[PDB]
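Chemist: Quick one: the structure is below, and I'll ask about it shortly.
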Ligand SMILES: [Xe]
Ligand SMILES: [Xe]
Ligand SMILES: [Zn+2]
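In full-length UniProt numbering, the protein residues as written are 4 to 260.
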């Protein structure tokens, strides 16, 4: 169906997914001058100690690293969240050039890429149920800039060659997502949506202020993936990011300063 091309990209999504023009769409630009510190925000708690990765796959839009979410072995809580959210998967959005790639932007600045760690509200029983709730998901967003290599990302990079085309997957166990986090947990938060169809407005966004650094060698590997399946014409998987959407009547709160 949809994609990131000129004929099926973000500008076309609204036809099959009318909520694309909704009141709480993501991503959005973060204006640091208007996103003010909220002294009522509680400390963010990221507990990934017992994370249990299962596999990594190419869904034709990006690559997902799936986790076993049967227990509270990897959860996100605190911050703006009411309750506990279980980690189910993470994926990235990146560009064809270093100057673009992230979905969220800070004072209009675009980063080379953006990592999204997806979690669902345990009060709803399972992911399917949660996604149809305004407070069903919590996505932790982390910016990536090019510089020093990120050791915690190498395990991922080293297996991308096995899932080059759409539809391929491979077992991916013992991956520790803690290796993808920056030093600081300072963040900005606002009510939003999934950034890809169905674009459901069920997400509480938590975007970290501090980006992590990854090497050019690492980003280059991401850019070698393909949107296409095995056999069809090669279509490099690059620029799989949705542009900033209107903030509308929303507020972006800062956990710091
Ligand atoms: Xe569904
Ligand atoms: Xe990347
Ligand atoms: Zn995403």
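Backbone N, C-alpha and C define an ideal beta-carbon position, used for all residues, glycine too.
Residue 94 and residue 66 - do their beta-carbons sit closer together than 8 Å?
Modeler: Yes, they are a contact pair.
Chemist: So the beta strand (DSSP E) residue 19 belongs to, where does it begin and stop?
Modeler: That residue, residue 19, is in no beta strand (DSSP E); its alpha helix (DSSP H) goes 16-19.
Chemist: Within its chain, find whatever has a CB closer than 7 Å to the CB of residue 238; leave out the 5 residues flanking it on each side and keep chain order.
Modeler: Closer than 7 Å at Cβ, skipping near neighbours: 229, 230, 231.
Chemist: Have a look at residue 82 and residue 233 and give me their C-alpha separation to the nearest angstrom.
Modeler: Going by the C-alpha atoms only, they are around 43 Å apart.
Chemist: Taking its Cβ as the centre, do 16 or more other Cβ atoms sit within 10 Å of residue 61, making it buried, or is it exposed?
Modeler: Answer is buried; the Cβ neighbour count reaches 16.
Chemist: Touching or not, the stretch 208-216 and the stretch 131-146, by the rule of three or more beta carbon pairs under 8 Å?
Modeler: The stretch 208-216 is in contact with the stretch 131-146.
Chemist: Three-state secondary structure (DSSP) at residue 120?
Modeler: Correct three-state label for residue 120: strand.
Chemist: Please give me, in chain order, every unbroken run of the beta strand (DSSP E) with length at least 3 that falls completely inside the stretch 35-111.
Modeler: Fully enclosed beta strand (DSSP E) runs of 3 or longer: 47-50, 56-61, 66-70, 78-81, 88-97.
Chemist: Could you tell me whether any non-hydrogen atom of ligand 3 is closer than 7 Å to the CB of residue 207?
Modeler: Answer for residue 207: no, Cβ out of range of ligand 3.
Chemist: Is residue 2 near residue 84, with beta carbons less than 8 Å apart?
Modeler: In this structure the chain extends from 4 to 260, so residue 2 is not present and cannot be described.
Chemist: Taking only the alpha-carbon atoms, compute the straight-line gap between residue 68 and residue 20 and give it to the nearest angstrom.
Modeler: Whole-angstrom Cα-Cα distance: 25 Å.
Chemist: Return the CA-CA distance between residue 53 and residue 175, expressed in angstroms with no decimal places.
Modeler: One C-alpha to the other measures close to 15 Å.
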